[PDB]
Structures are given as structure tokens and as C-alpha cells.
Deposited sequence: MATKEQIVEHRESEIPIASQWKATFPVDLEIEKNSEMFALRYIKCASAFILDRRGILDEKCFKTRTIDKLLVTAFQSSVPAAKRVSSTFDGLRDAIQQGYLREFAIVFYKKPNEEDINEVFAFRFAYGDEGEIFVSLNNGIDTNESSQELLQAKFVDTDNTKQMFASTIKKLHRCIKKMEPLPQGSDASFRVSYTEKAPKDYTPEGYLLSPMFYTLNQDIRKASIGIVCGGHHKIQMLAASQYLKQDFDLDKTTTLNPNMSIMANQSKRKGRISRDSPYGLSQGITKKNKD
């Protein structure tokens, strides 16, 4: 039930920061997929982290194990400093380009100077990239607090959302840093020329940034099911694992 049962401490240390970063995006993903109703409810279990009720995959359920396992290959992607963004996109077949909703997790590595702002795809903006740049690691307890603050905001944001359309489809999509080789492909992902793009008018939410010592992870959302821009108290990659 304590932080330590889920996450590393001493987050200033590179290895602990790396492990935290991956475990964080897996945790938030379970939270999101459960609350937006993408998988059967038996795929999830409620766990406790300090004062907060969060969500984890139930790996004894095949669909949940499949989704959980997709994160395995991202461990090397993060270690090598290759993973720029991990995104959960919701859409309706057959139009995989028409994104109804996305939760994006954008990475910055060890006081990286500045990051390219994509002109033609994704969710990132000058504003969001400035916020990611200005975020700083402070100490482990502070990240415990910021984790809690960010999950609470995620929760409040999802509460403001209308339900997903019946039979929505979901994919995981990743983009890479300039370090990554030209045809880099994490284990469990497929190499793709396509990422995702959003309608100009889609409503957006900035949920928060959580920092390890060597990794900053920014959560940004956009949804056709938010009306307007926005208890749990105790060279791209594609995965269609969901």
C-alpha cells in the first residue's frame, strides 16, 4: 500500500528514474483504460498507493497481460533515451487517423536542452514544450506528491468527459527522440510512418508533469468528449495490443 510497493525511491538515481518512468506510464494507462471502459472490467484491479486508489492490470487475464506486456519493449526504449512520446489513442475503425481521444505521455531526458515542437502531428505545442522544459526534479517525496496531484487531476478530467462511443478501438502509438536509429522498433511494436494528428478544434487538457531525476513525463490529453478545454481517496511505432 506504500509508495515503495509500486515505485522506486531515491529517484535522483538514473536506474530508479528509468524504472519509475516506465511504471508510471503503465500505471496511468491502466487507470485510463479502465475508466474510459476500453477493456473488460476484469482486466483491472484497484490498488493503493499512499492515500490514493489507483488501478493496475490483472495479468491473470489474457487481454490484460497482453496490454501490460506491450510496455516491456519500452523499457529499452527509455533506457536508451529513444522514447519521446507514448500515446493512447481512441478511434473508430476503419478510420485509424480520426482520433476521438488521446492521452499522451511526453518524455524529456536529463536536462535535455530544448525539444523540437512538431508542426504536423501529435498534441505538443510551444506552450506544452516550454512547461516540460521548465519542470525540474526536486526530491523523491515531492514526486510522490506530484504523482498524487497528477492522478487526482486525471481523475477530475475524466469525470468531465462524456462516455466513449460504443465499440471504440484503441492503439498505443510511440515517437522517438533524435537519438533513435532510423528504423528503431521497440520489441512488441510495429514500425510505422504514421503517428497521430488532431483536429484543430479538439479540446485539450494539460494534466501534469511528474519527474524522476533523469526523466520528466508530461501528460497531455485531447478529446471530442470534453465539453471545453480542461473517489480515488483510500519513424514511429504502433501497438494494437489492446
query: Missing stretches, numbered from 1 on the deposited chain sequence and kept in order; finding: 1 to 18, 249 to 257, 262 to 277, 286 to 291
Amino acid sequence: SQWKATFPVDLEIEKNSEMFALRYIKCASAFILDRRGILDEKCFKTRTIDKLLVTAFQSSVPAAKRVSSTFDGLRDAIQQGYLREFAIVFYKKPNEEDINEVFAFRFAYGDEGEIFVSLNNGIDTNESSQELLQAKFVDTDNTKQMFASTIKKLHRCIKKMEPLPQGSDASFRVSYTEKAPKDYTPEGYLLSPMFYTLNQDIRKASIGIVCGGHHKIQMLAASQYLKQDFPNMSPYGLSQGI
From here on, numbers count along this sequence of modelled residues.
| query | finding |
| --- | --- |
| Mean temperature factor over C-alpha atoms, higher-scoring stretch between 212 to 220 and 175 to 183 | 175 to 183 |
| Which of 15 to 23 and 221 to 229 has higher mean CA B factor, as the PDB entry lists it | 221 to 229 |
| From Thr48, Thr70, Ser192, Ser29, residue of greatest CA B-factor | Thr48 |
| Deposited CA B-factor, highest of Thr197, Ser59, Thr55, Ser206 | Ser59 |
| Relative C-alpha B-factor of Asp124, binned into the chain's lowest, middle or highest third | middle |
| Record-listed C-alpha B factor of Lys153: chain third | middle |
| Third of chain Cα B-factors occupied by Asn142 | lowest |
| Among modelled residues of the same chain, the CA temperature factor third for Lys159 | highest |
| Record-listed C-alpha B factor of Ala77: chain third | middle |
